[PDB]
Amino acid sequence: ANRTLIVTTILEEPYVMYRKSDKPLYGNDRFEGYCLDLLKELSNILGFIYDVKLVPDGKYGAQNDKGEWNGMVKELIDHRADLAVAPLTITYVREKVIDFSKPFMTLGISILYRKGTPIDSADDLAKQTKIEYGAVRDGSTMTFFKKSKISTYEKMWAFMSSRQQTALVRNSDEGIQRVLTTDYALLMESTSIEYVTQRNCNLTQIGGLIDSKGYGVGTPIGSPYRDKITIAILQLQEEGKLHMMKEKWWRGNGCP
Ligand SMILES: CN[C@H]1[C@H]2O[C@@](C[C@H](N)C(=O)O)(C(=O)O)C[C@H]2OC[C@H]1O
């Protein structure tokens, strides 16, 4: 039989979440979400079973000072996993080191905060000094700021980096808790903002999207699966299945 593919992923609502049960769940049955439905579809089309493994360091992946990678990206580079199926942002810097599928969902960076301020844009946010801000550490949002040559965003990076110990959070939940309980705004992908702001009516998006990109399935460079995964994603896109999956996991219940 075809070797069971190792899938690296990360907990992130509503892409990958622990299933709630009153009885024991083992292996892949512990997980549900958009990316799990995507895996069920892709695996049917390509003819494999898989083993879902949460990335040990709990990171999406960025480079350090020395150019060493971490997170899911490192798992692919080091051939620890066959596929990364997660909301993994397709970027120039990553595409040089792994082979991404074509995108299955689009997004852009925006701002998550509480309601009631006159802050209306990243320009406003960088200018004012009342509210701090940051991003999840070692993801594409952090890296976007780190690499930007746009003045406002260069300033924002310098700020995040200066108070990194503090401004950069471990994961979305730490970020969201910081937004709810302190004067802090989170730079966050629009897909995730849409999800949270329809569930917690104290939260809102600030401004529009500051970039435009997509999520893809990651594979190691040279992977014999990447092109087949791309073909399967296009099939699912054309058949309307990706749209249906988004509606399934983003639906309910609502805020004004
Ligand atoms: C899937 N989106 C969420 C997550 O996306 C990340 C990871 C990113 N999607 C990546 O592939 O590195 C980000 O950097 O915005 C980390 C975390 O941040 C909050 C929110 O944007």
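Residues numbered from 1 in each chain as written, not as in the entry; some residues may be left out. Heavy atoms only, no water. Residues with missing side-chain atoms left out of burial classes, pairs and counts.

Its PDB header names X-ray crystallography as the technique used to obtain the model and reports a resolution of 1.50 Å.

### With respect to the domain arrangement of the protein chain
Along its sequence, the protein chain is carved into domain 1 (1-107 + 213-256) and domain 2 (108-212). Averaged C-alpha coordinates put domain 1 and domain 2 at centres separated by 24 Å. With 29 residues of domain 1 at the interface, the matching set in domain 2 holds 26 residues. Along the lines of polarity and charge, the residues of the side of domain 1 that touches domain 2 split into 13 nonpolar, nine polar and seven charged. (Domains from an automatic or database assignment. Contact = heavy atoms within 4.5 Å. Nonpolar A, V, L, I, M, F, W, Y, C, P; charged D, E, K, R; others polar.)

### Examining the state of the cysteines
Applying the stated rule across the entire model yields one disulfide. In this model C201 forms its disulfide with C255; the gap between the sulfur atoms is 2.0 Å. Taking the torsion about the S-S bond as the criterion, the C201 to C255 disulfide, at about -85°, is left-handed. One end of the pair, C201, is in the loop between helix 9 (190-197) and strand 11 (203-206); the other, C255, is in the segment after helix 11 (241-250), and 54 residues separate them in sequence. (Disulfide = S-S within 2.5 Å. Helix = DSSP H or I, 4+ residues; strand = E, 2+ residues; numbered from the N terminus.)

### Structural notes on the UniProt feature "binding site: L-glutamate" in the protein chain
Here, the residues flagged by UniProt with the feature "binding site: L-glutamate" are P87, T89, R94, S140, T141 and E189. Secondary-structure assignment places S140 in helix 5 (residues 140-147). With residues near it in sequence (within four places) discarded, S140 still touches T89, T91, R94, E189 and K213. Overall, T141 belongs to the buried group, its relative accessible area being 8%. The residues touching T141, leaving out its near neighbours within four places in the chain, are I109, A135, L187 and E189. (UniProt positions renumbered as here; feature names shortened; annotations may be inferred. Buried < 20%, exposed > 50% of the residue type's maximum accessible area, 1.4 Å probe, protein only.)

### A short note on the site of the ligand
By nearness alone, 15 residues border the ligand, and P87, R94, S140, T141 and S192 come closest of all. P87 is positioned with one of its backbone polar atoms (N or O) 2.8 Å from a nitrogen atom of the ligand. Within the contact set of the ligand, an oxygen atom lies 2.8 Å away from a side-chain nitrogen or oxygen of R94. Protein coverage of the free-state accessible area of the ligand, which is 430 Å², stands at 99%. Sorting the residues of the shell around the ligand by element identifies helix 5 and strand 10 (184-189) as the ones contributing at least two each. Tallied by class, the residues present in the shell around the ligand amount to six nonpolar, six polar and three charged. (Near = heavy atom within 4 Å. Polar contact = N/O pair within 3.5 Å; in protein donor to acceptor, adjacent residues only side chain to side chain. Areas by Shrake-Rupley, 256 points an atom, 1.4 Å probe, with all protein chains shown as cover.)

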